[PDB]
Amino acid sequence: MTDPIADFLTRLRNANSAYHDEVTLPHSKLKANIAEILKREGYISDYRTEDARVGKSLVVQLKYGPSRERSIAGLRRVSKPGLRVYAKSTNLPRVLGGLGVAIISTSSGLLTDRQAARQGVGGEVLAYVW
Amino acid sequence: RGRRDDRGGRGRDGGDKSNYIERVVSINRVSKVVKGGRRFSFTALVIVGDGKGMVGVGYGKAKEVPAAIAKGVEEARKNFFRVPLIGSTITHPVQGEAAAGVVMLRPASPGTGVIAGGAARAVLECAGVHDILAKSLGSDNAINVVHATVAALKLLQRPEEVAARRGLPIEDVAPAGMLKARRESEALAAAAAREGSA
Amino acid sequence: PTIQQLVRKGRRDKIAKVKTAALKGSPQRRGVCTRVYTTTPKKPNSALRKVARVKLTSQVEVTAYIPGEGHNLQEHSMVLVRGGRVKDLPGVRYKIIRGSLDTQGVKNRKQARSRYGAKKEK
Amino acid sequence: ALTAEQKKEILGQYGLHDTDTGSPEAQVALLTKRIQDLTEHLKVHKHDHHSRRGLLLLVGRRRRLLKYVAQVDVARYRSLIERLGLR
RNA sequence: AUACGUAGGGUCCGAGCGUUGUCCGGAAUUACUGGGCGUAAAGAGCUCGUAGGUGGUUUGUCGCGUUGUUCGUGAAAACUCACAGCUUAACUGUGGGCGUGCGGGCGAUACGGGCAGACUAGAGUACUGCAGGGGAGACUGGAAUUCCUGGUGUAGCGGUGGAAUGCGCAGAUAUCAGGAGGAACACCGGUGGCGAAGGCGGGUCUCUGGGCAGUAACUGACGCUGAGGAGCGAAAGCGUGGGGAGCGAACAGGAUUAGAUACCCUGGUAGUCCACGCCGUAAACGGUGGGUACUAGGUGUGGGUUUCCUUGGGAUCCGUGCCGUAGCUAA
């Protein structure tokens, strides 16, 4: 065991791809905020955290429209261990040419491409979903 | 594809609507080993399209080159396909595959031009593209390259799709960048419609 | 592939695959020709092609072809060897320029008229 | 093997306190005494060639816990080191 | 012969026009951008672990990494933008951007990381049983073979497609009994287990290996990988001393055959077995490195425990097959 957030994203990818309408997860604050912003922009339905094995657990509902179709298009951690990634205010990448959204853990907290561009600080980007 | 320019006293030549640009990429001779002999047939890959953009792909396995061409044309008529774009650009860079063939596509500055390989040039210009950038790799072939072209094209959609998926509108979905590009596209379309109205 | 292992080592190209070996990548060398005996080309290309072995000034002993129909070079000649690629012959990757140091241009060559040392017809 | 009674008395002896089986010193003592046991089983089964792997695995686990003993507090590390006479 | 050579006749370029030499890209043909390792190139024979990388949940600190900011800063030409001129152009001048940097001050505390820690899910220890061909060591067995011993008892036996090598006729084959020898354990003996892998099976005894299962009892991140390095590691072969019943290389006769050296027979030396050693290579392969989190099933099948009928059925965790979802593969 080396990487928890990559396993977070891998479980999201498999669970959404394998047509499951929910996924369960240990609640470390990192993935908590990742799914929080995910529902904030609406690629998932709704996340709720309750009590579990010694920590807590976050349960995520994936947003499916009129059919079994996922608002999520895909997930991929970029700033992985061994290849951790930093970015600045100017060259803030635009997800899917700007269509999608990203995660950038700013010194001021957590922000996406557009938010950080409106503000202008950088330092650590993460996965992006479109 | 021999002696196609004919002017006779017969009835007609089968002209119809759908003033579609046609293209054929390649035909390889196909050898069936009958007991002690070789029968030779043809395999045509036909790509039909419109300057509006909508595309069709057909595949005629016929022992005759004109029969193969006709079979490909009618399969493309059966197997059509639609592509969304932005003026003369692509809505977003994409990658497509056919089992060994990889194709990368990217929007370009207006008027840049369709810079694409021989097969890709055909598969693209049959659509409504005028200015995008693209390339391909792998498969050391053309059938898979053509097949992957449509695979990449399939990953194309309007910003409305991500707007509905997010529930949130454009902006994050379609930022000013594309916003102004699609505004130019639709404004040119509206101006053309107004001009054609009179 | 193990980014850290890349930091440890890696990322070198395969092989130069050198072509010219006269010396210095010379656009041409000059030397003494010998062994101008004609040998056989490949069986499908049944013919006989006139060649020679030249010791160039580069102190290497290479094999040069004699293009054209007629030849002027003989033993102890100041032949100017250029690089070439003759897939018709085994191990022959050189030519000798006509209308040059030693070998007179090919007689009455008119389709090329620049190669084969064929000067302008008056 | 580590007989259910000798391991218990060893845990009482060198363990941090009662019921604290699995504490680093406790496991160190247990595996150390197991290693001492196998020391002569190998010397009589000179060609066992099969229990030596478990010997090495337990030795490695002992060291992998010794490092954790040292990092938390060098004092307890030295205490156990001169208690068991290691090196 | 529109491919050669020759003529027109055409293509194009032009004081040029082609040839050679070299570099970049095309090449993704080193795949950071932007590659792979079952069958195409590619998982060492297998273990542990130094260096190294590498990290669980959570509290506060530091702001090194990292980012934000001000300034010094990065010669001119560079190169470009813009202006002017050189008859135009080439060319030059002018000013910008540019010079992506480094350095200094100032900031941020999301993250890594450092410090102080803390927690038990990770890991590791206990309790209680489960499978045993896991190994080693010491003891024993007789089948059976051959030889040897006493018989009875024959001219045949074995040999092969047939033969003839070989022997008997002295008693061979055989039959019975006995003794000697050396080696291995048929049946159980199989997706069934065990073992890191090579490997494991007659029985007993001793020591020992590891795994799985239910209680957190406990430690309190003690995790993983792992270059160097470490040993183990099929068979053969050689060193040292024995064994040898048989087999048996090598080497012997006979036999098909043109040739036998080969297939076949007629024997047997080292080896084959043991003891202590050497070596390290096998097609030492799931041809699939170690480890970890997710993705329809179904069905054989080893160990366990529980839960549900009256053994019956379920669940669960671990081993072990096949088919089949998604998805993947060039197939």
# chains A, B, ... in the order shown; residues from 1 in each chain; ligands from 1

call {"tool": "select_by_dssp", "arguments": {"residues": "range 12-119 of chain A", "states": "strand (DSSP E)", "output": "PyMOL selection string"}}
result
chain A and resi 22-26+46-51+56-61+101-104

call {"tool": "interface_residues", "arguments": {"of": "chain B", "to": "chain A", "cutoff": "10 Å", "atoms": "only C-alpha atoms", "output": "CSV table (one decimal) with C-alpha atoms, in the first residue's frame"}}
result
chain,number,residue,atom,x,y,z
B,91,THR,CA,-14.7,21.7,-30.1
B,92,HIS,CA,-12.0,20.1,-28.1
B,93,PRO,CA,-8.8,18.0,-28.6
B,94,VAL,CA,-9.5,14.3,-28.7
B,106,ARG,CA,-6.9,19.5,-31.9
B,107,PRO,CA,-8.5,22.9,-32.7
B,158,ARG,CA,-21.5,20.3,-27.7
B,159,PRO,CA,-20.9,22.1,-24.4
B,161,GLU,CA,-23.7,17.8,-22.9
B,162,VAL,CA,-21.3,18.7,-20.1
B,163,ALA,CA,-23.7,21.5,-19.0
B,164,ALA,CA,-26.5,19.0,-18.5
B,165,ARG,CA,-24.1,16.4,-16.9
B,166,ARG,CA,-22.9,19.0,-14.4
B,167,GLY,CA,-26.3,20.6,-14.1
B,168,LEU,CA,-24.3,23.8,-14.2
B,170,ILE,CA,-21.3,26.6,-19.6
B,171,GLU,CA,-18.6,28.8,-18.1
B,172,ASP,CA,-16.7,26.1,-16.4
B,173,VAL,CA,-18.1,23.9,-19.2
B,174,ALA,CA,-17.7,26.4,-22.0
B,175,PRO,CA,-15.3,29.3,-21.0
B,176,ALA,CA,-14.9,32.5,-22.9
B,177,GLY,CA,-12.3,30.8,-25.1
B,178,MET,CA,-14.7,28.4,-26.8

call {"tool": "interface_residues", "arguments": {"of": "chain E", "to": "chain B", "cutoff": "10 Å", "atoms": "only C-alpha atoms (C1' of nucleotides)", "output": "list in words"}}
result
residues 28, 329 and 330 of chain E

call {"tool": "closest_atom_pairs", "arguments": {"of": "range 124-208 of chain E", "to": "range 49-73 of chain D", "cutoff": "8 Å", "atoms": "only C-alpha atoms (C1' of nucleotides)", "output": "Markdown table"}}
result
| residue | atom | partner | partner_atom | distance |
| --- | --- | --- | --- | --- |
| E:134 | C1' | D:50 | CA | 7.6 |
| E:135 | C1' | D:50 | CA | 5.3 |
| E:136 | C1' | D:49 | CA | 7.7 |
| E:208 | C1' | D:51 | CA | 6.5 |

call {"tool": "select_by_dssp", "arguments": {"residues": "chain A", "states": "helix (DSSP H, G or I)", "output": "ChimeraX atom specification"}}
result
/A:4-17,29-41,95-98,113-119

call {"tool": "interface_residues", "arguments": {"of": "chain A", "to": "chain E", "cutoff": "7 Å", "atoms": "only C-alpha atoms (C1' of nucleotides)", "output": "ChimeraX atom specification"}}
result
/A:1-3,7,10-11,14,18,28,53-55,86,88,105-110,121-124

call {"tool": "write_last_selection", "arguments": {"atoms": "C-alpha atoms", "output": "compact mmCIF listing (two decimals), in the first residue's frame"}}
result
# COMPACT_ATOMS: atom_id res chain seq x y z
CA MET A 1 0.00 0.00 0.00
CA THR A 2 1.42 3.31 -1.15
CA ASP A 3 -1.24 5.58 -2.65
CA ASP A 7 -7.18 4.13 -5.15
CA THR A 10 -9.68 4.08 -9.33
CA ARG A 11 -12.67 2.99 -7.25
CA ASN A 14 -14.61 1.28 -11.73
CA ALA A 18 -19.47 -0.86 -13.86
CA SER A 28 -9.76 10.89 4.99
CA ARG A 53 -14.29 1.24 11.10
CA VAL A 54 -12.28 3.34 13.50
CA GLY A 55 -12.33 6.35 11.20
CA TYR A 86 3.13 21.73 -9.23
CA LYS A 88 1.54 28.34 -11.21
CA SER A 105 -4.57 22.38 -3.95
CA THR A 106 -3.64 26.03 -3.60
CA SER A 107 -1.73 27.53 -0.72
CA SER A 108 -5.11 29.15 -0.01
CA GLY A 109 -6.70 25.70 0.10
CA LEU A 110 -8.35 23.87 -2.79
CA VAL A 121 -2.05 31.47 -6.91
CA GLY A 122 -0.71 28.01 -7.62
CA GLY A 123 1.50 25.24 -6.32
CA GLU A 124 -0.19 21.84 -6.60

call {"tool": "residues_around", "arguments": {"residues": "residue 93 in chain C", "least_positions_apart": "3", "cutoff": "10 Å", "atoms": "only C-alpha atoms (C1' of nucleotides)", "output": "list in words"}}
result
residues 19, 20, 21, 62, 63, 64, 65, 82, 83, 84, 85, 86, 87, 89 and 90 of chain C

call {"tool": "residues_around", "arguments": {"residues": "range 105-110 of chain C", "least_positions_apart": "6", "cutoff": "12 Å", "atoms": "only C-alpha atoms (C1' of nucleotides)", "output": "PyMOL selection string"}}
result
(chain C and resi 66-73+96-99+116-121) or (chain E and resi 5-7)

call {"tool": "decode", "arguments": {"residues": "range 135-233 of chain E", "atoms": "C-alpha atoms (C1' of nucleotides)", "output": "PDB file, in the first residue's frame"}}
result
ATOM      1  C1'   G E 135      12.294 -30.566   5.509  1.00  0.00           C
ATOM      2  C1'   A E 136      15.970 -32.993   8.085  1.00  0.00           C
ATOM      3  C1'   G E 137      17.760 -36.799  11.097  1.00  0.00           C
ATOM      4  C1'   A E 138      17.652 -42.153  13.506  1.00  0.00           C
ATOM      5  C1'   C E 139      14.895 -47.225  13.245  1.00  0.00           C
ATOM      6  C1'   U E 140      12.390 -50.914  10.475  1.00  0.00           C
ATOM      7  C1'   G E 141       9.703 -53.874   6.286  1.00  0.00           C
ATOM      8  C1'   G E 142       9.148 -57.331   2.749  1.00  0.00           C
ATOM      9  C1'   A E 143       7.321 -57.574  -2.289  1.00  0.00           C
ATOM     10  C1'   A E 144      10.407 -58.085  -6.178  1.00  0.00           C
ATOM     11  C1'   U E 145      14.880 -58.749  -8.980  1.00  0.00           C
ATOM     12  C1'   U E 146      19.444 -60.955  -9.564  1.00  0.00           C
ATOM     13  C1'   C E 147      23.179 -63.936  -7.559  1.00  0.00           C
ATOM     14  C1'   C E 148      24.280 -67.705  -4.282  1.00  0.00           C
ATOM     15  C1'   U E 149      22.454 -72.781  -1.425  1.00  0.00           C
ATOM     16  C1'   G E 150      19.590 -77.741  -1.448  1.00  0.00           C
ATOM     17  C1'   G E 151      16.159 -80.088  -4.262  1.00  0.00           C
ATOM     18  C1'   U E 152      12.697 -82.079  -8.352  1.00  0.00           C
ATOM     19  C1'   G E 153      12.923 -81.860 -13.126  1.00  0.00           C
ATOM     20  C1'   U E 154      13.436 -81.556 -18.231  1.00  0.00           C
ATOM     21  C1'   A E 155      16.394 -79.788 -24.367  1.00  0.00           C
ATOM     22  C1'   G E 156      15.193 -75.958 -24.242  1.00  0.00           C
ATOM     23  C1'   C E 157      15.308 -70.993 -22.694  1.00  0.00           C
ATOM     24  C1'   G E 158      15.647 -65.922 -23.727  1.00  0.00           C
ATOM     25  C1'   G E 159      16.372 -63.205 -28.429  1.00  0.00           C
ATOM     26  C1'   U E 160      13.265 -60.581 -32.796  1.00  0.00           C
ATOM     27  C1'   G E 161       9.005 -58.679 -38.015  1.00  0.00           C
ATOM     28  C1'   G E 162      12.500 -63.175 -38.417  1.00  0.00           C
ATOM     29  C1'   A E 163      17.020 -64.117 -37.360  1.00  0.00           C
ATOM     30  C1'   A E 164      21.864 -64.500 -35.057  1.00  0.00           C
ATOM     31  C1'   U E 165      24.507 -63.087 -31.418  1.00  0.00           C
ATOM     32  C1'   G E 166      23.891 -65.484 -25.363  1.00  0.00           C
ATOM     33  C1'   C E 167      23.419 -69.838 -22.504  1.00  0.00           C
ATOM     34  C1'   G E 168      21.971 -74.703 -21.544  1.00  0.00           C
ATOM     35  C1'   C E 169      21.762 -79.955 -22.074  1.00  0.00           C
ATOM     36  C1'   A E 170      26.880 -80.685 -16.471  1.00  0.00           C
ATOM     37  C1'   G E 171      20.729 -79.689 -15.551  1.00  0.00           C
ATOM     38  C1'   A E 172      20.071 -74.074 -18.113  1.00  0.00           C
ATOM     39  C1'   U E 173      13.948 -72.409 -18.497  1.00  0.00           C
ATOM     40  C1'   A E 174      10.929 -73.758 -14.844  1.00  0.00           C
ATOM     41  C1'   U E 175       8.977 -75.348  -9.517  1.00  0.00           C
ATOM     42  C1'   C E 176       9.649 -75.185  -4.196  1.00  0.00           C
ATOM     43  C1'   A E 177      12.400 -73.837  -0.177  1.00  0.00           C
ATOM     44  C1'   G E 178      16.466 -71.115   1.669  1.00  0.00           C
ATOM     45  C1'   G E 179      20.247 -67.563   1.837  1.00  0.00           C
ATOM     46  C1'   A E 180      22.806 -62.906  -0.275  1.00  0.00           C
ATOM     47  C1'   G E 181      22.494 -58.268  -2.644  1.00  0.00           C
ATOM     48  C1'   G E 182      21.064 -53.323  -3.848  1.00  0.00           C
ATOM     49  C1'   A E 183      17.475 -49.976  -5.027  1.00  0.00           C
ATOM     50  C1'   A E 184      12.848 -48.074  -4.915  1.00  0.00           C
ATOM     51  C1'   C E 185       8.009 -47.836  -2.423  1.00  0.00           C
ATOM     52  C1'   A E 186       2.873 -50.227  -7.091  1.00  0.00           C
ATOM     53  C1'   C E 187      -2.335 -50.008  -5.045  1.00  0.00           C
ATOM     54  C1'   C E 188      -3.886 -45.051  -1.982  1.00  0.00           C
ATOM     55  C1'   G E 189      -1.715 -41.736  -6.115  1.00  0.00           C
ATOM     56  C1'   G E 190      -5.921 -36.791  -7.510  1.00  0.00           C
ATOM     57  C1'   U E 191      -7.231 -29.466  -9.777  1.00  0.00           C
ATOM     58  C1'   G E 192      -6.034 -33.057  -3.593  1.00  0.00           C
ATOM     59  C1'   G E 193      -2.964 -30.965  -0.298  1.00  0.00           C
ATOM     60  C1'   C E 194       1.919 -29.262   1.167  1.00  0.00           C
ATOM     61  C1'   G E 195       6.474 -26.195  -0.228  1.00  0.00           C
ATOM     62  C1'   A E 196       9.926 -19.475  -2.102  1.00  0.00           C
ATOM     63  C1'   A E 197      11.427 -22.270  -6.201  1.00  0.00           C
ATOM     64  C1'   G E 198      14.000 -26.415  -7.537  1.00  0.00           C
ATOM     65  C1'   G E 199      10.594 -30.451  -4.983  1.00  0.00           C
ATOM     66  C1'   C E 200       7.274 -34.053  -1.399  1.00  0.00           C
ATOM     67  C1'   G E 201       4.995 -39.205  -1.339  1.00  0.00           C
ATOM     68  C1'   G E 202       5.920 -47.676   2.567  1.00  0.00           C
ATOM     69  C1'   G E 203       5.565 -47.499   8.100  1.00  0.00           C
ATOM     70  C1'   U E 204       7.555 -45.791  13.143  1.00  0.00           C
ATOM     71  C1'   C E 205      10.112 -42.172  16.340  1.00  0.00           C
ATOM     72  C1'   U E 206      12.652 -37.123  17.311  1.00  0.00           C
ATOM     73  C1'   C E 207      13.538 -32.058  16.018  1.00  0.00           C
ATOM     74  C1'   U E 208      11.796 -28.471  13.047  1.00  0.00           C
ATOM     75  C1'   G E 209       9.271 -25.234   8.659  1.00  0.00           C
ATOM     76  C1'   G E 210       5.240 -22.282   7.285  1.00  0.00           C
ATOM     77  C1'   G E 211       0.083 -21.273   6.332  1.00  0.00           C
ATOM     78  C1'   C E 212      -5.472 -20.773   7.421  1.00  0.00           C
ATOM     79  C1'   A E 213      -9.413 -20.074  10.612  1.00  0.00           C
ATOM     80  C1'   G E 214     -12.673 -17.219  15.358  1.00  0.00           C
ATOM     81  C1'   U E 215     -11.216 -12.622  20.372  1.00  0.00           C
ATOM     82  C1'   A E 216      -8.624  -7.714  19.857  1.00  0.00           C
ATOM     83  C1'   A E 217      -5.590  -9.616  24.233  1.00  0.00           C
ATOM     84  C1'   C E 218      -1.736  -6.316  22.840  1.00  0.00           C
ATOM     85  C1'   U E 219       2.205  -3.206  20.156  1.00  0.00           C
ATOM     86  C1'   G E 220       0.762   1.579  17.955  1.00  0.00           C
ATOM     87  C1'   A E 221       2.525   2.915  10.992  1.00  0.00           C
ATOM     88  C1'   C E 222       7.024  -1.056  13.183  1.00  0.00           C
ATOM     89  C1'   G E 223       4.249  -0.731   5.210  1.00  0.00           C
ATOM     90  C1'   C E 224       6.009  -2.246   0.397  1.00  0.00           C
ATOM     91  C1'   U E 225       9.626  -2.588  -3.123  1.00  0.00           C
ATOM     92  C1'   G E 226      14.157  -3.485  -3.407  1.00  0.00           C
ATOM     93  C1'   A E 227      19.736  -1.994  -7.125  1.00  0.00           C
ATOM     94  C1'   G E 228      24.580  -3.861  -4.619  1.00  0.00           C
ATOM     95  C1'   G E 229      24.832  -8.300  -1.505  1.00  0.00           C
ATOM     96  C1'   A E 230      23.289 -12.821   0.664  1.00  0.00           C
ATOM     97  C1'   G E 231      22.257 -18.075   0.541  1.00  0.00           C
ATOM     98  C1'   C E 232      19.251 -21.823  -1.330  1.00  0.00           C
ATOM     99  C1'   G E 233      18.812 -23.915  -5.753  1.00  0.00           C
TER     100        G E 233
END
